[PDB]
Protein chains: 2
Amino acid sequence: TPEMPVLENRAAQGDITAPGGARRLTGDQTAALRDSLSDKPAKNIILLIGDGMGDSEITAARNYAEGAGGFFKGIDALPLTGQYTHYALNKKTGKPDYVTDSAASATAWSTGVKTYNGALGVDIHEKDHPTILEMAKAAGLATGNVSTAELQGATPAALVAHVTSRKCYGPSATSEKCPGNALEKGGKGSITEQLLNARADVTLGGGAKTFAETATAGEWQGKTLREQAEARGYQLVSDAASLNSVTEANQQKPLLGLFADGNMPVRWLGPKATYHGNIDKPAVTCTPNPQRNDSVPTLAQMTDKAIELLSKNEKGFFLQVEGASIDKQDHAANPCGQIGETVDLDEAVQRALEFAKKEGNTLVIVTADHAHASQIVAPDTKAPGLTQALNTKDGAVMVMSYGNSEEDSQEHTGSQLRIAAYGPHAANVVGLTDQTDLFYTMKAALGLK
Amino acid sequence: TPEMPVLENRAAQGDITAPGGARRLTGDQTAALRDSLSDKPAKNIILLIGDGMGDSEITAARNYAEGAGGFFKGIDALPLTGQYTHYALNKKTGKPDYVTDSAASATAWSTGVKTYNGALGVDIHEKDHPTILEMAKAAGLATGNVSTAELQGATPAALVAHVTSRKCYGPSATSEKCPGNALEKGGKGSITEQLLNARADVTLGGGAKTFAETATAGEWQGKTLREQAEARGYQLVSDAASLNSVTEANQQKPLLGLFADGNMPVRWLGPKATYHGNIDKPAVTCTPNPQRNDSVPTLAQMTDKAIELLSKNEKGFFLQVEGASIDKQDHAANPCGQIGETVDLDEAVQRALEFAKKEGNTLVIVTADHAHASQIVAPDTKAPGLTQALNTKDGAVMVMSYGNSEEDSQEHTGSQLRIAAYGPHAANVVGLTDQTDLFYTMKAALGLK
Ligand SMILES: [Mg+2]
Ligand SMILES: [Mg+2]
Ligand SMILES: [Zn+2]
Ligand SMILES: [Zn+2]
Ligand SMILES: [Zn+2]
Ligand SMILES: [Zn+2]
């Protein structure tokens with residue numbers, strides 16, 4: 001009966017004030033960890049990318065939603081853990097750029113090669129490098145791309161696009177900023193155009209706006225990218241009902257789920273951070289965004305569906321799921337939105353684990369692209385940046401700060417962060433690794449090449 | 001039998017700009033991990049603590065001394081890794097206290113009970129709790145307490161003293177700050193007074209200042225803590241020369257090495273971070289401190305001496321080695337000093353893993369008490385706080401930020417951080433755990449009853 005265990009419960013065992021009451025462990029883990037090491041080939045693989053979700057991020061959400069003594073059933077239930085570096089490179093000098101953006105990190109794990117901030121699917125000499133998704137498709141395995149942001153956004157765009165700037169969303173952008181990728185200029189195409197070319201069996205997210213653009217060149221010139229997709233044989237679903245009415249999704253009739261003109265709506269409403277907020281304003285208690293909707297699929301729903309549709313492929317599948325606004329709300333200095341996103345991710349990760357655990361030959365990895373702004377500080381903190389007091393589950397008050405920018409947004413940060421995994425080859429995240437290592441871990445795991 | 005290996009080389013394999021160049025791994029870890037798992041009895045415990053050495057504090061130091069593709073021979077060499085929560089308790093209410101102080105955190109691993117920010121060896125009801133050093137010794141083991149700060153500083157004090165306030169260094173303060181702990185008021189003594197009543201085989205570090213303090217009661221009244229020390233049977237040593245002449249360290253000849261009246265010297269020097277310090281001031285290169293001396297033992301040396309003397313004991317031993325000034329320099333918003341202290345510790349961890357790897361039954365643990373202020377930002381960042389640009393091993397510039405306080409120092413942070421281990425029972429630091437588990441783990445590993 002060999003089965004590989006998942007953390008069924010690492011919430012503080014008892015009375016937080018009593019001796020041993022905060023212990024998350026009830027005994028020796030040597031044996032359970034041994035039961036975790038399996039180098040058998042992984043048939044399927046699921047990568048959960050919490051965008052910007054560093055260790056500070058993870059702690060802040062658990063404290064609020066689960067309380068300090070709590071435990072996320074998803075994000076925290078993964079047995080194997082370590083810390084991987086995610087620095088980028090300077091295009092000019094080729095030297096490390098300690099703090100990456102969204103495009104670069106994505107490139108290095110989807111391709112295995114370090115690039116410069118802003119690059120998608122190419123290195124610093126602008127040479128295209130095949131992405132793991134493209135290689136999985138090549139090897140005949142099913143492929144999935146799911147996110148809560150514009151599909152043209154860095155994280156998901158990286159699995160199917162090769163452009164010198166992440167900013168080249170569709171024709172109009174590409175033409176101007178990536179004339180080398182410009183269709184009407186002999187180039188591969190815009191992010192959106194390349195997305196349509198990659199033909200992943202399952203792709204769900206937002207950013208419908210761009211699909212309203214028309215091609216400057218090629219076969220579907222004058223027609224929109226949406227009109228194209230249909231002509232290309234894609235099944236377009238725009239809401240939860242239609243999303244779940246999907247019986248099959250494959251290379252014949254590929255699914256394209258566009259559930260918003262841009263990024264899908266945030267889960268929790270809350271005010272932004274303010275200068276001297278934890279003192280000059282009362283504690284905040286996030287509340288559900290009424291726009292989240294019954295017509296809008298949630299993260300764990302799209303995730304669930306994609307596994308439902310991809311599990312048909314008898315050879316196996318590669319799926320990426322991205323909790324997109326965690327990072328978007330960290331720049332936004334809106335703790336509530338940042339946290340809601342982490343909770344949402346947690347639920348998707350549970351769905352992943354429920355399946356993986358049952359199937360027995362899957363590799364699930366949950367991690368982030370880079371660390372961010374938010375910092376948990378004392379209640380009476382007097383800081384120069386943005387700060388907000390919040391009423392945690394613990395019925396206590398946690399204060400969060402953002403102190404890495406006087407301008408518009410709060411920047412990403414370069415600290416090394418957590419990466420955890422469960423399943424075949426999960427042993428490859430333990431200890432200190434590098435974000436590119438991940439590409440190889442996924443590669444060898446699937447048995448590619 | 002395949003006796004536990006240490007992560008030989010996690011540094012980048014080749015040319016970071018090249019595909020797979022930035023990789024850290026060379027194969028599948030599964031098997032190396034399998035020989036790392038041992039539920040056998042740990043004979044000695046060496047615990048290295050970097051005060052305020054979170055993963056950010058760690059990444060920067062690496063980038064600086066080793067370059068991004070770099071690798072810390074000791075710090076990064078620890079095969080088993082995890083993340084662990086270290087919140088404190090609000091005394092009056094019992095509810096969690098997200099950002100802790102060095103005092104509350106230390107007690108958590110030293111006694112396995114969550115207290116309130118300031119306490120030492122006592123709970124929220126001010127009740128005492130036997131410490132790990134007290135249990136090890138009482139079971140027969142040789143014990144050692146080493147640090148770079150005054151020995152009455154929180155991290156080292158928590159192993160030997162039980163008091164409501166860290167401030168109660170010696171007689172004077174205890175009397176007016178910790179009355180019930182005051183010798184006159186029938187208490188067990190000041191921190192330093194208790195340190196003496198404790199009698200650890202080996203005690204090294206600074207703090208000499210409070211030892212001039214003279215007693216107000218007890219069988220050593222009117223006599224200074226130093227006069228008492230000698231009188232009680234201790235052997236004092238103020239420099240490296242005499243520390244090396246010490247061929248014994250036992251219960252009826254304990255060692256007390258006071259290397260400074262206050263905190264020992266920090267390794268490197270440098271300018272403190274300033275407003276727009278990255279934009280207005282030139283980059284920096286840390287200056288090795290001329291005044292550290294060849295007469296003042298280094299952290300690595302103290303560790304080395306400690307282990308030699310502590311190993312003559314057939315029963316086994318428990319040692320705690322502390323990287324004190326990382327927190328102090330992090331508070332001081334002085335990158336270079338913070339960084340140099342993170343390197344100094346790396347050396348000690350090396351010496352520890354050295355003895356350990358050869359010994360075959362030493363559980364080596366390397367972690368921090370809580371997270372800190374420092375954050376790695378883009379070199380072009382306009383931030384609200386203190387920023388400093390550095391000239392790294394990569395021959396590139398790294399920019400550090402400190403913006404969580406408008407007051408005197410940069411605050412601690414409440415993020416969850418790394419915990420790495422090596423040897424029998426190391427499996428217990430993987431995954432999410434709470435800092436108090438460390439107590440229970442160390443106790444079980446050793447076999448204390
Ligand atoms: Mg993203
Ligand atoms: Mg300390
Ligand atoms: Zn990002
Ligand atoms: Zn971002
Ligand atoms: Zn501390
Ligand atoms: Zn401190």
# chains A, B, ... in the order shown; residues from 1 in each chain; ligands from 1
>>> residues_near_ligand(ligand="ligand 3", cutoff="9 Å", atoms="only C-alpha atoms and all ligand atoms", output="list in words")
residues 50, 51, 52, 53, 100, 101, 102, 103, 104, 105, 106, 154, 155, 324, 327, 328, 368, 369, 370, 371, 372 and 412 of chain A
>>> select_by_dssp(residues="range 391-438 of chain A", states="strand (DSSP E or B)", output="mmCIF file with N, CA, C and O atoms, in the first residue's frame")
data_model
loop_
_atom_site.group_PDB
_atom_site.id
_atom_site.type_symbol
_atom_site.label_atom_id
_atom_site.label_comp_id
_atom_site.auth_asym_id
_atom_site.auth_seq_id
_atom_site.Cartn_x
_atom_site.Cartn_y
_atom_site.Cartn_z
ATOM 1 N N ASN A 391 -7.527 43.277 11.151
ATOM 2 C CA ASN A 391 -8.100 42.424 12.190
ATOM 3 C C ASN A 391 -8.061 40.988 11.728
ATOM 4 O O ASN A 391 -8.884 40.553 10.925
ATOM 5 N N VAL A 397 -4.502 42.064 15.894
ATOM 6 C CA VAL A 397 -4.235 43.035 14.843
ATOM 7 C C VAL A 397 -2.848 42.920 14.251
ATOM 8 O O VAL A 397 -1.859 43.089 14.966
ATOM 9 N N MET A 398 -2.783 42.650 12.948
ATOM 10 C CA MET A 398 -1.513 42.531 12.226
ATOM 11 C C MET A 398 -1.325 43.817 11.419
ATOM 12 O O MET A 398 -2.289 44.411 10.947
ATOM 13 N N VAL A 399 -0.099 44.302 11.326
ATOM 14 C CA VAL A 399 0.119 45.511 10.549
ATOM 15 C C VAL A 399 1.009 45.168 9.376
ATOM 16 O O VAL A 399 1.955 44.387 9.519
ATOM 17 N N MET A 400 0.641 45.666 8.203
ATOM 18 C CA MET A 400 1.429 45.412 7.008
ATOM 19 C C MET A 400 1.958 46.694 6.384
ATOM 20 O O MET A 400 1.251 47.699 6.287
ATOM 21 N N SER A 401 3.217 46.640 5.970
ATOM 22 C CA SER A 401 3.877 47.780 5.365
ATOM 23 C C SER A 401 4.385 47.491 3.970
ATOM 24 O O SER A 401 4.554 46.335 3.568
ATOM 25 N N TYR A 402 4.612 48.584 3.248
ATOM 26 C CA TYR A 402 5.139 48.599 1.891
ATOM 27 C C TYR A 402 6.098 49.783 1.960
ATOM 28 O O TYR A 402 5.658 50.920 2.139
ATOM 29 N N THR A 413 11.008 42.292 -4.941
ATOM 30 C CA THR A 413 12.276 42.267 -4.237
ATOM 31 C C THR A 413 13.042 40.996 -4.581
ATOM 32 O O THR A 413 12.431 40.009 -5.022
ATOM 33 N N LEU A 417 13.263 32.600 -2.118
ATOM 34 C CA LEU A 417 12.016 32.213 -1.512
ATOM 35 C C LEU A 417 11.692 30.748 -1.568
ATOM 36 O O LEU A 417 12.398 29.952 -2.192
ATOM 37 N N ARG A 418 10.607 30.417 -0.889
ATOM 38 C CA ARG A 418 10.120 29.075 -0.782
ATOM 39 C C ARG A 418 9.680 28.497 -2.121
ATOM 40 O O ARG A 418 9.298 29.215 -3.036
ATOM 41 N N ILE A 419 9.801 27.182 -2.202
ATOM 42 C CA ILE A 419 9.358 26.359 -3.303
ATOM 43 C C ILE A 419 9.109 25.029 -2.579
ATOM 44 O O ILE A 419 9.901 24.601 -1.731
ATOM 45 N N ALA A 420 7.963 24.431 -2.838
ATOM 46 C CA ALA A 420 7.620 23.180 -2.198
ATOM 47 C C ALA A 420 7.043 22.322 -3.289
ATOM 48 O O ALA A 420 6.570 22.837 -4.306
ATOM 49 N N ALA A 421 7.049 21.019 -3.057
ATOM 50 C CA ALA A 421 6.523 20.094 -4.035
ATOM 51 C C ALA A 421 6.078 18.792 -3.380
ATOM 52 O O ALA A 421 6.384 18.513 -2.197
ATOM 53 N N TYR A 422 5.314 18.030 -4.157
ATOM 54 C CA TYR A 422 4.772 16.746 -3.744
ATOM 55 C C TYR A 422 4.725 15.802 -4.955
ATOM 56 O O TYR A 422 4.228 16.168 -6.034
ATOM 57 N N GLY A 431 16.401 21.994 -0.254
ATOM 58 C CA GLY A 431 17.673 22.712 -0.199
ATOM 59 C C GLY A 431 17.658 23.979 -1.042
ATOM 60 O O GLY A 431 16.588 24.525 -1.317
ATOM 61 N N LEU A 432 18.834 24.456 -1.448
ATOM 62 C CA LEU A 432 18.951 25.668 -2.274
ATOM 63 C C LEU A 432 19.096 25.338 -3.743
ATOM 64 O O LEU A 432 20.029 24.637 -4.124
ATOM 65 N N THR A 433 18.186 25.828 -4.574
ATOM 66 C CA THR A 433 18.319 25.606 -5.999
ATOM 67 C C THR A 433 18.175 26.965 -6.716
ATOM 68 O O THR A 433 18.289 28.017 -6.082
ATOM 69 N N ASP A 434 17.969 26.947 -8.030
ATOM 70 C CA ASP A 434 17.843 28.168 -8.823
ATOM 71 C C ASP A 434 16.616 27.965 -9.682
ATOM 72 O O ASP A 434 16.356 26.861 -10.146
#
>>> closest_residue(among="A:446, A:284, A:173, A:12", to="chain B", atoms="only C-alpha atoms")
A:12
>>> select_by_dssp(residues="range 329-365 of chain B", states="helix (DSSP H, G or I)", output="PyMOL selection string")
chain B and resi 329-331+335-359
>>> atom_distance(atom1="CA of residue 306 in chain B", atom2="CA of residue 30 in chain A")
29.2 Å
>>> atom_distance(atom1="CA of residue 266 in chain B", atom2="CA of residue 336 in chain B")
9.6 Å
